[PDB]
file run.txt (compact mmCIF, C-alpha atoms and all ligand atoms)
# COMPACT_ATOMS: atom_id res chain seq x y z
CA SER A 1 0.00 0.00 0.00
CA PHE A 2 0.90 3.74 0.00
CA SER A 3 3.82 4.54 2.31
CA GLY A 4 5.50 7.64 3.69
CA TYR A 5 2.61 10.02 3.05
CA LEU A 6 1.81 12.95 5.31
CA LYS A 7 -1.87 12.99 6.30
CA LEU A 8 -3.41 16.45 5.57
CA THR A 9 -7.09 15.68 6.26
CA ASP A 10 -9.38 12.70 6.88
CA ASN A 11 -9.02 11.70 3.19
CA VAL A 12 -6.10 13.65 1.63
CA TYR A 13 -2.46 12.49 1.89
CA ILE A 14 0.68 14.02 0.32
CA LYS A 15 4.27 12.89 -0.47
CA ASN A 16 7.30 14.32 -2.32
CA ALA A 17 7.50 11.67 -5.03
CA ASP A 18 7.61 11.14 -8.79
CA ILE A 19 4.17 9.81 -9.72
CA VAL A 20 5.67 7.33 -12.23
CA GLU A 21 7.96 5.85 -9.55
CA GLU A 22 5.02 5.77 -7.08
CA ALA A 23 2.73 4.06 -9.58
CA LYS A 24 5.44 1.43 -10.38
CA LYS A 25 5.79 0.64 -6.67
CA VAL A 26 2.15 0.69 -5.60
CA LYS A 27 0.35 -0.46 -8.77
CA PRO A 28 -2.72 1.57 -7.64
CA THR A 29 -6.24 0.86 -8.90
CA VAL A 30 -6.30 4.40 -10.33
CA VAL A 31 -3.52 6.78 -11.31
CA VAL A 32 -4.64 10.29 -12.36
CA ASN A 33 -3.12 11.90 -15.43
CA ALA A 34 -2.98 15.70 -15.81
CA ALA A 35 -4.38 15.55 -19.30
CA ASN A 36 -5.42 18.06 -21.96
CA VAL A 37 -8.68 17.78 -23.99
CA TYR A 38 -6.93 16.11 -26.94
CA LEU A 39 -5.14 13.53 -24.73
CA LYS A 40 -1.80 14.64 -26.30
CA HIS A 41 0.63 13.54 -23.55
CA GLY A 42 3.61 15.72 -24.36
CA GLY A 43 5.02 17.07 -21.08
CA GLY A 44 4.58 17.32 -17.33
CA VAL A 45 2.83 14.38 -15.65
CA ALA A 46 1.25 13.31 -18.94
CA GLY A 47 4.53 13.16 -20.86
CA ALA A 48 6.14 11.21 -17.98
CA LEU A 49 3.31 8.70 -17.57
CA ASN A 50 3.07 8.14 -21.33
CA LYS A 51 6.85 7.57 -21.63
CA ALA A 52 6.69 5.02 -18.81
CA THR A 53 4.08 3.07 -20.85
CA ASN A 54 6.41 3.02 -23.91
CA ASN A 55 3.79 5.24 -25.72
CA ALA A 56 1.00 2.65 -25.27
CA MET A 57 -0.98 5.36 -23.37
CA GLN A 58 -0.75 7.70 -26.40
CA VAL A 59 -1.79 4.96 -28.90
CA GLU A 60 -4.82 4.12 -26.74
CA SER A 61 -5.63 7.82 -26.27
CA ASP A 62 -5.52 8.54 -30.05
CA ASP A 63 -8.04 5.76 -30.66
CA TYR A 64 -10.24 7.16 -27.85
CA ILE A 65 -10.22 10.69 -29.40
CA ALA A 66 -10.84 9.29 -32.90
CA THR A 67 -14.00 7.58 -31.57
CA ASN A 68 -15.25 10.13 -29.06
CA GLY A 69 -13.78 13.55 -29.84
CA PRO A 70 -12.06 15.76 -27.29
CA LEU A 71 -12.80 15.94 -23.60
CA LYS A 72 -14.17 19.04 -21.93
CA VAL A 73 -11.99 21.24 -19.70
CA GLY A 74 -13.04 20.03 -16.22
CA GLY A 75 -13.91 16.56 -17.59
CA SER A 76 -12.30 13.14 -17.57
CA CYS A 77 -12.22 9.68 -19.04
CA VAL A 78 -11.14 6.30 -17.69
CA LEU A 79 -8.61 4.42 -19.82
CA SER A 80 -6.09 1.62 -19.11
CA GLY A 81 -3.33 2.14 -16.57
CA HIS A 82 -1.05 -0.09 -18.69
CA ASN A 83 2.03 -1.20 -16.66
CA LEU A 84 1.45 1.52 -14.01
CA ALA A 85 -2.04 1.01 -12.54
CA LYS A 86 -5.27 -0.91 -13.27
CA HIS A 87 -6.81 2.33 -14.71
CA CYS A 88 -5.71 5.83 -15.62
CA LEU A 89 -8.23 8.59 -14.93
CA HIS A 90 -7.33 11.31 -17.46
CA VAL A 91 -8.55 14.58 -15.92
CA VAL A 92 -8.41 17.97 -17.65
CA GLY A 93 -7.82 20.87 -15.31
CA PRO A 94 -7.89 24.41 -16.75
CA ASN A 95 -4.56 25.54 -18.24
CA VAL A 96 -3.93 29.16 -17.23
CA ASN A 97 -1.09 29.33 -19.85
CA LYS A 98 -3.72 28.65 -22.57
CA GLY A 99 -6.07 31.26 -20.93
CA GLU A 100 -8.61 28.82 -19.48
CA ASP A 101 -10.97 29.58 -16.59
CA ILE A 102 -9.47 28.66 -13.18
CA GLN A 103 -13.03 28.27 -11.84
CA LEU A 104 -13.16 24.92 -13.70
CA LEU A 105 -10.61 23.45 -11.27
CA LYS A 106 -13.33 22.40 -8.80
CA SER A 107 -15.21 20.58 -11.62
CA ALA A 108 -11.97 18.84 -12.56
CA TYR A 109 -11.40 17.57 -8.97
CA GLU A 110 -15.05 16.34 -8.75
CA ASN A 111 -14.06 13.56 -11.16
CA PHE A 112 -11.97 12.05 -8.35
CA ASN A 113 -15.13 11.34 -6.30
CA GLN A 114 -16.09 8.54 -8.69
CA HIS A 115 -13.13 6.46 -7.38
CA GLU A 116 -12.63 5.20 -3.83
CA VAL A 117 -8.83 5.66 -3.85
CA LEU A 118 -6.50 7.41 -6.28
CA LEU A 119 -2.81 8.25 -6.79
CA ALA A 120 -2.79 11.78 -8.26
CA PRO A 121 -0.86 14.96 -9.07
CA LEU A 122 -2.07 18.53 -8.29
CA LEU A 123 -4.39 19.56 -11.12
CA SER A 124 -3.69 22.76 -13.05
CA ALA A 125 -0.37 23.35 -11.26
CA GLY A 126 3.09 22.88 -12.86
CA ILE A 127 3.12 23.68 -16.51
CA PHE A 128 -0.72 24.28 -16.43
CA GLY A 129 0.07 27.62 -14.82
CA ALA A 130 -2.17 27.79 -11.71
CA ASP A 131 -1.05 28.38 -8.13
CA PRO A 132 -0.32 24.96 -6.54
CA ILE A 133 -1.33 26.24 -3.07
CA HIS A 134 -4.79 27.02 -4.54
CA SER A 135 -4.90 23.65 -6.31
CA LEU A 136 -4.22 21.78 -3.02
CA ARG A 137 -6.93 23.85 -1.26
CA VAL A 138 -9.52 23.06 -3.98
CA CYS A 139 -8.51 19.36 -3.83
CA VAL A 140 -9.05 19.19 -0.03
CA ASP A 141 -12.35 21.08 -0.25
CA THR A 142 -13.71 19.04 -3.19
CA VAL A 143 -12.47 15.44 -3.09
CA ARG A 144 -14.20 13.20 -0.52
CA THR A 145 -12.60 9.88 -1.59
CA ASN A 146 -9.06 8.85 -0.55
CA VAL A 147 -6.45 10.77 -2.53
CA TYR A 148 -2.71 10.23 -2.36
CA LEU A 149 -0.99 13.24 -3.88
CA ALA A 150 2.46 12.89 -5.39
CA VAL A 151 4.35 16.19 -5.54
CA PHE A 152 7.40 15.86 -7.76
CA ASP A 153 9.18 19.13 -7.00
CA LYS A 154 10.83 18.92 -3.55
CA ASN A 155 10.84 22.70 -3.05
CA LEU A 156 7.14 22.85 -3.93
CA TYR A 157 6.35 19.96 -1.56
CA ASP A 158 8.04 21.78 1.34
CA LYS A 159 6.16 25.02 0.43
CA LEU A 160 2.80 23.18 0.24
CA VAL A 161 3.25 21.49 3.63
CA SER A 162 4.47 24.65 5.38
CA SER A 163 1.59 26.78 4.05
CA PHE A 164 -1.25 24.19 4.46
CA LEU A 165 -4.13 25.44 6.55
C1 LIG B 201 7.19 15.01 -13.78
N1 LIG B 201 6.36 14.48 -12.71
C2 LIG B 201 6.38 13.23 -12.17
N2 LIG B 201 5.53 13.06 -11.19
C3 LIG B 201 4.91 14.30 -11.06
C4 LIG B 201 3.93 14.73 -10.16
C5 LIG B 201 3.48 16.04 -10.24
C6 LIG B 201 3.98 16.92 -11.19
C7 LIG B 201 3.45 18.34 -11.31
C8 LIG B 201 1.91 18.44 -11.30
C9 LIG B 201 1.61 19.84 -10.82
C10 LIG B 201 2.61 20.01 -9.70
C11 LIG B 201 3.91 19.36 -10.23
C12 LIG B 201 4.76 18.77 -9.12
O1 LIG B 201 4.07 18.12 -8.24
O2 LIG B 201 5.94 18.96 -9.04
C13 LIG B 201 4.96 16.50 -12.09
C14 LIG B 201 5.41 15.19 -12.00
call {"tool": "encode", "arguments": {"input": "run.txt", "output": "C-alpha cells", "more": "lines below"}}
Ligand SMILES: Cn1cnc2ccc([C@H]3CCC[C@H]3C(=O)O)cc21
result
Amino acid sequence: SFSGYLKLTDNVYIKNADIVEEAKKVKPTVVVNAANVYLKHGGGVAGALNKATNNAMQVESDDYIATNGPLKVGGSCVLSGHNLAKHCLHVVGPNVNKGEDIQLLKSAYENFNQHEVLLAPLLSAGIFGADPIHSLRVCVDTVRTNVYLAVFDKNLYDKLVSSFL
C-alpha cells in the first residue's frame, strides 16, 4: 500500500514523489493523469506517464479521441493504466497558460469522487500555470474519496506542507 505520506485531512495524503515511480511501486487501482482535452501527452505528468508506458498510453488515447472527440476542460475519461495502474483517470484541469478559466478546477477535482482511492498529481499546477497552493486547497475542499498526492518538486512539496491550513 501507499507509504511515507503525510496525512493532511481525513481523506487527503501528500508525499514528495515522482508519480511514475510511485505508480510502479504501488500499482494503484487508479492513477490520475494531468491531461489536456486532446489527450496529447507531451510534457509534465502526462509526458512522464506516457513515456513510462512506452507510448502505449498515447496509442490508446488517439483511438479514444478518434472515436469520441475531445474531452471538456473540467472533464475526464477512464482508460487503461497499462504497466502503471489498473486504470488511468485522465482529468483535464484548466490551463492558465492557454487562458482557461481557473473556476473549472473544482469541476476537474469532482471527477476524483467517482473512485474510492486514487494516486494523483495537483491539477492545473506545474506547466498548467495555476497556483499549486490554490490547487491543493480546492482538492481538499472538493475530493471526498481517498487521494494520495504525489508532488514531484521537492521545493514545492516543502512550500505546500508549510503553508497548508
Ligand atoms: C514530472 N512528474 C512526475 N511526477 C509528477 C507529479 C506532479 C507533477 C506536477 C503536477 C503539478 C505540480 C507538479 C509537481 O508536483 O511537481 C509532475 C510530475
call {"tool": "residues_near_ligand", "arguments": {"input": "run.txt", "ligand": "ligand LIG 201 (chain B)", "cutoff": "7 Å", "atoms": "all atoms listed in the file", "output": "number ranges by chain"}}
result
A: 17-20, 44-45, 48, 121-126, 132, 150-153, 156
call {"tool": "residues_near_point", "arguments": {"input": "run.txt", "point": "(2.6, 12.1, -1.2)", "cutoff": "9 Å", "atoms": "all atoms listed in the file", "output": "ChimeraX atom specification"}}
result
/A:2-7,13-17,19,22,119-120,148-152,157
call {"tool": "atom_distance", "arguments": {"input": "run.txt", "atom1": "CA of residue 97 (chain A)", "atom2": "CA of residue 137 (chain A)"}}
result
20.2 Å
